[PDB]
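Okay, so here's just one chain, in structure tokens, the form deposited in one PDB entry.
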């Protein structure tokens, strides 16, 4: 009905871990997001990359995105695009910004583990306690096969062990060295960087935000316990019609006990921080961020469809 989200450059929504554009070709990762933006006069494109893989490397997700960004420009007549990444997606959008500045006009990250995930360190530490190392073989085989069965194009390019390593606190620290951005502040500071970036003479408008439903609220005998601020305590229906609200609150407790502090379930506040931080106050878990698990969210959670809508308006008034 409107031209509210009518940006100058086309929007490309980049998925994260486990993702694709539509699971099994039916479940949209960005639930009703592309549609909502379309109605409001925006040109939106949703990337289909590997659900399980690293961002760098010839056969990585970054190159899959560059290739896709290229075809979009070839299909739109555009010169640059607006990368909007979620989770590993923001880490993937960054790669294209770095390696191909001219084709990128802005990078926006939604709950992106720029410094990594403490939960990725955990899951890997749990894999290492198998002295034989067969858990890593069989669980990766399993998770890769999920990638293929739920990818809309049944993409065989899945490396689960690469995807889990890419997301660890220590490996992301190497990523940032190898792919520096002006929107990144010093490692270990829980501080962001500059709002814009300039590579090869090309200006990118850097933005980001975070979900912080899981806050640490009680420390007893060393053991830290958290609260899911997205929900009305106990009686909230989101804990019923959404298995991820409670799953993320479980992963979110493992996080606080590993020093993450306030997090969205799998990403910390400190790790999500990039460029221009518009908010970290959202009472959202990791999926609420993408209006995920059939449009369901707790009662104290803001409308994520509205947030990505006000942002596309912000990109428009920004000149991108």
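Residue numbers count along the first chain shown, from 1. Only residues modelled in both forms are compared. The term rigid core refers to the most C-alpha atoms you can superpose between the two forms while keeping them within 1.5 Å.
Beyond the structure shown, there is the form deposited in another entry, which is absent from this document and is the topic of what follows.
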field: Is_shifted residue 304 between this form and the one not shown (CA, 2 Å cut-off, rigid core)
entry: no
Could you check, with the core superposed, whether the Cα atom of residue 19 shifts 2 Å or more between this form and the one not shown? yes
In the other entry the CA atoms of residue 147 and residue 19, compared with here and shifted by at least 3 Å, lie closer
With a difference of at least 3 Å, the CA distance of residue 99 and residue 22 in the other entry shows the atoms closer
Per-residue Cα shift of 2 Å or more between this form and the one not shown after core superposition, grouped into runs of 3+, gives 19-26
